[PDB]
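Coming up is one lone chain in structure tokens, specifically the form deposited in one PDB entry.
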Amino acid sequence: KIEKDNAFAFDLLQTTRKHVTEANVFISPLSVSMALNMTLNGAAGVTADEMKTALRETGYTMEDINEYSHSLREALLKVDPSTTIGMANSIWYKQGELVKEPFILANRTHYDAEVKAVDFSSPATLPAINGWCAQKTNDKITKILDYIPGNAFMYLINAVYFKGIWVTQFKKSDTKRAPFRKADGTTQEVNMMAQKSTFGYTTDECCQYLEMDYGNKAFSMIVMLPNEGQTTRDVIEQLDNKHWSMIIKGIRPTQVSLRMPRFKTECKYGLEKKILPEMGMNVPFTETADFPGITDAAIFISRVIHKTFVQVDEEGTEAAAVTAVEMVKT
């Protein structure tokens, strides 16, 4: 049994925030870890060690990583029948290529991976792959790929889906037009939801913290609201396992007058460019990568595409993420 914490989530958030310039950031560390853990089953030597370093899995064996992911995925799918949860994995590879059975069977066994041999040159393949993504995200992420390169060898794709209903919903009749001050200091008018209810609450030097439950209270949203003059950049930079543990343990049921905007965001990342290299994953993205667990062919990771969606409203939250690890032949 491995006691894996949320270090990867905080490191991925911090590194993504450092490199992207957009006002909004929205990621699924779970989706990224699951797709890269499928891929890691084929890696040897420094390729494998650099992937474990980036994933914050150094010192864990592949057997323990696989068994942890398998147990985690099954627990998330059954902990709350009143919340919709989707966890789907698929492997798509070039028809006619030989892919090793221990690698495929490790992924079928521990990730319930759907495995398909496809002709990447067919006009039908992009709709088949993108159609799978739409099917596993309630059509909220309808494309993960815009093109397939000529040297494509394999896609390892994960889709995470979430649709929760607030334990205490907002009344649509209580939503009002109100200002929201943007990251650049300018103001926009938004649909500000409001309610007075019992919520989990705590504070520290920087911020106020709120916990809003969904369904049977297995899942919740944590909101970190910096005090006046404080920034979200500082909150992100100072967020680690120690700090998160202190926030969670400090939460107490409190009567709160909540004001929250209706909001939606859709984000797209190429994690191979700067983020995963900074986290320690370098060699797997180069021609010196070694994936002998997958094939005898010389392959490497060309892109790690991460796309997300979130919509928050009076009823609850809908969120989705897709991560595609694109492997190409050198």
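Basically, rigid core = biggest C-alpha set you can superpose within 1.5 Å across the two forms. Quick note: we count residues from 1 along the sequence shown, nothing fancier.
One more form of this protein should be noted, the form deposited in another entry, which is absent from this view; the next part is about it.
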Candidates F103, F170, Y201, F219 - which moves between the shown form and the other one, C-alpha at least 2 Å, core fixed: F103
Core-superposed C-alpha of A183 shifting 2 Å or more between the shown form and the other one: no
Rigid core superposition, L12 Cα moves 2 angstroms or more between the shown form and the other one: no
Core-aligned C-alpha movement of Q255 between the shown form and the other one, 2 Å or more: no
Cα separation of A319 and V167 in the other entry versus here, shift of 3 Å or more: closer
Distance direction in the other entry for the C-alpha atoms of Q95 and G270, relative to the displayed form (3 angstroms or more): closer
